[PDB]
Structures are given as structure tokens and as C-alpha cells.
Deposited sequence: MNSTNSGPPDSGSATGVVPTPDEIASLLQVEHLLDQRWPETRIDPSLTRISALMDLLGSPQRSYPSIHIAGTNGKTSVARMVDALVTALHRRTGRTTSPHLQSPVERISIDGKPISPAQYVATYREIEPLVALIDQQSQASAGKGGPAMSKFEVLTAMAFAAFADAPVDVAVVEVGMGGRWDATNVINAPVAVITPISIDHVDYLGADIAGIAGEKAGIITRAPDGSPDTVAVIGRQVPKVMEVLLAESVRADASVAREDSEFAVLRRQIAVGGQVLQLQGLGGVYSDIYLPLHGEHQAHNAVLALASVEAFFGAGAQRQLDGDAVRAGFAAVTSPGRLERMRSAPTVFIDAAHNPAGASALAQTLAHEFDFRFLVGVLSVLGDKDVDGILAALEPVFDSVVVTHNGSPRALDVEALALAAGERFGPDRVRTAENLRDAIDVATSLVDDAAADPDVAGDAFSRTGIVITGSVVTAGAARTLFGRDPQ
């Protein structure tokens, strides 16, 4: 029943760029998103990961965190966390009820001379839940872009920009620098010490746009590979061991229970951000404790061994190519089947090209999202890349995992051919598969 209420709220929200509507809303709410400081995160890849890593580090320094991330894998409750944990279905419905009278008021005034969107409502809910809790610090992931994103009403003292690349596709030719300009809109002038912008690895045309917004906000800049960096990296049971240069010193023997070189870069970004936020040297026992407490559900998360099954939320070519490098470099798979479902706004082809050298075959399917690519359209795309005989189809995710399983069975029984299944292509595919392995939202 808490659950009935939770489905009931999801259903209304699903029946739904200026900042006018979200600003008026926050004003009516009493401006709760200005009652605590925030670390605000934009970029194409790693935003969720970095947000979780940041939350873990601030929690290891003993401040109470609120964290809003997107999209969710399994349950909307995951969008609003307090102390490192999603709020409950009851608190989420309660948070929705508390703000609804003011949302209705904004809907009506706006209609009397455009209702609020689902994301605007979710953002308001997270901000209001943060003030209700109350928290010491909020970690705020951008829904989309940044300049006109619902979250962009906070004037965050730290703004983090993770690697920028292609994800949502409107054109074939890349306006890399128009994309960068919109993300950088989360770098705002401070009201009180200057805004710090903490920037991951970018291509030069991105770098130049980020730098010039930072100028316009008179914002102090910390960029990866100049002001901080991953110095050393070593594969370990469960993850990796890092030696990191932060803003305030070298931190050694950081155990990070996550796979992938890309997660080493997210980690050092999360560190510089938290140093920027507290003004860093941070206590190294706390940095180590925080990184060891990090989880990132549905990002190269191992569901089981024998056979080994991974879910990964890779949905763009840079993500797909980070997934393939990790699978090839940090494991020793003799045989790998991919289970794949992708949404129609993605660079489907660039994903398939990134994964083809690592997947012996791929089973394509439909993840149950209304925005998913239909099985036939994906099998054709996949066929052009893999060749027709390395592509199978299945009606839904559970069938697709059954087909892949018997492919790993057949390969296990084949002496001249340490096997695995990797489920990927979308946040929704990794989230639906995570629910099938029975895991709780996290």
C-alpha cells in the first residue's frame, strides 16, 4: 500500500526551456534549495557515479548529505537520497503531497497566461526533502544540460563538469561547443567566496567553452591533469587501488570497489570536488573510508558468478567504449554474450561498434520502456555491425537472458572456446535486469 501510493504518484507525474516555473515554485516553497550549499554536477558521462562518490566522501567526513540523481534504475525513490540511502516510498509520497498545493498553484497561474514538467516536480521534491531532513550539504545531478535544467536554481559553490561527449542525438555533425555552453550554465557567479568549477577530461573545444564561462562567473578552475590527477592505478579483487593527487596532497592506497579506468577518473573528480567544497588537506583515513563505501548500482555491477553476469548502464558510444575496455583489460573472459536494449534517441550505431570487438554474440531485445527501440530495428542495426549470425533476438529481457545463458552453456561445453553475460544499452535495461536478479533499490 505505501506502494499503491507510490505507483499512484508515478502515474500522475507521467501525465506531465525557462527557469520561470521552477523559480516561482521554489519561491512559493520558501526557497528550501537555498537553505543548504550544493555540489552541482553536469557532463555527459559519470555524473551519477561522481555524485555517489561525492556523497560517500562527504559522509566519511561526517556531514549529513542529500543527493538527487537521475535517471532511476529500479524505483523513483532512488532520485532522492538522505545519508547515502534512498528515502522510503512513504516519505516520497509524503514529500509529493507536501508540495502539491503549490505545484497546482503554479500550474493554474501558468495556464491563466504550460503545466510544470515531471522533472521540475521531482527536483522541487528533492529540494524540499533536503530542507525537511535537514541536510548539511546537497549533491545535485543535472537532469539534462544545465543552463535551463530544473536544478539550476541553486547557485552552487562547487560546479563539477564530467567528460562531455555525444549521448542524445539531434544531428550527425557534432556541435561539441554548443553542448558544452549549455552544461557550463551551472557555473554561476557567487553571492561569500568564488564559485569553483571542477572539470574532468574534455576535448580542447569543450575545455575552451568551460573556461570562458568560468571567467564570466569569475570562477576558480581546477582541471584534471593540471590541478589533480590519477597517478597510479592497479587492478584488485573487486575493483582497483588508486594513488591520487588531489588539490591538497597525494592520497595513496585508495581501494575503490568499482571496475574501469573511467571510474578512477570519476573518483579523482569526486575527490577534487569535495576538496574544493571544504577548501582543501582532507584526512586521508576519511578519503579511503569514503571511496571503499562507494556503490554505483547498474554501472558494471556483477549480478553473480558462474556464469558471470554484469549489468551496465552504457547508453552512448563513449560509455560503450569504456565498458569494452574494462571487459577486455580487467577481466579474462574467453567468451562473452551481450544482452542489449537501447532507447531510440541514442547513437545506436556508435554503441554497437564499440561493443562488437568484445561480444562474441549479442542477443537484442526490448527493455519495456515506451521510448525503446523495437527489436527488429535493433537487430538490423546490430546485424550491419556484428554480421547476421552473431545476432539473436528475444521478446523481452527475461527471455533474452535465457537465450544468452544457453549460449554461455554451449560455449562452456566447447573445449576450444571464463564466460559471461553483459546486459547493457540503457539505464532502463540495467535497471530492469537488476530487478530480475532481485536486488533492492540503492
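Absence of C-alpha coordinates is noted for several segments of the deposited sequence, namely 1-21, 38-44, 142-146, 225-226, 316-319, 457-462.
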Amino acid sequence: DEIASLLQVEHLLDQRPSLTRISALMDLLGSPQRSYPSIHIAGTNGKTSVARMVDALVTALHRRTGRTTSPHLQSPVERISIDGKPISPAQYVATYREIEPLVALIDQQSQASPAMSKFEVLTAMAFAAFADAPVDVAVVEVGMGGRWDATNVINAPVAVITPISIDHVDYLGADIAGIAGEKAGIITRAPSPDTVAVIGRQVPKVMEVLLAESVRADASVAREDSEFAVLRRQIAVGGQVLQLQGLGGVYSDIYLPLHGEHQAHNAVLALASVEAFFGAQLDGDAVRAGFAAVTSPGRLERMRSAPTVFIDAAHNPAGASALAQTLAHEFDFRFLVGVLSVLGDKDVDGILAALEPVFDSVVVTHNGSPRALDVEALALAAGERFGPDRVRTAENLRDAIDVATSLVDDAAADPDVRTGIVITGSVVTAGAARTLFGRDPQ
From here on, numbers count along this sequence of modelled residues.
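When 73-81 is weighed against 200-208, 200-208 comes out higher, by mean CA B-factor as recorded in the entry. Relative to its counterpart among 263-271 and 170-178, 170-178 has the higher mean temperature factor, C-alpha atoms as listed in the PDB entry. The top Cα temperature factor in the record, among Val417, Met53, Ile39, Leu61, falls on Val417. Per the deposited record, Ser361 carries the highest C-alpha B-factor of all listed residues (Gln240, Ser361, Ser88, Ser305).
Ranked by Cα temperature factor within the chain, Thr424 sits in the middle third according to the deposited record. Per-chain ranking of the deposited C-alpha B factor places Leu19 in the highest third. In the deposited entry, the Cα temperature factor of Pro257 places it in the lowest third of its chain's modelled residues. Among all modelled residues in this chain, the alpha-carbon of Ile154 has a temperature factor (C-alpha) in the middle third. Split the chain's modelled residues into thirds by C-alpha temperature factor. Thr95 is in the lowest one.
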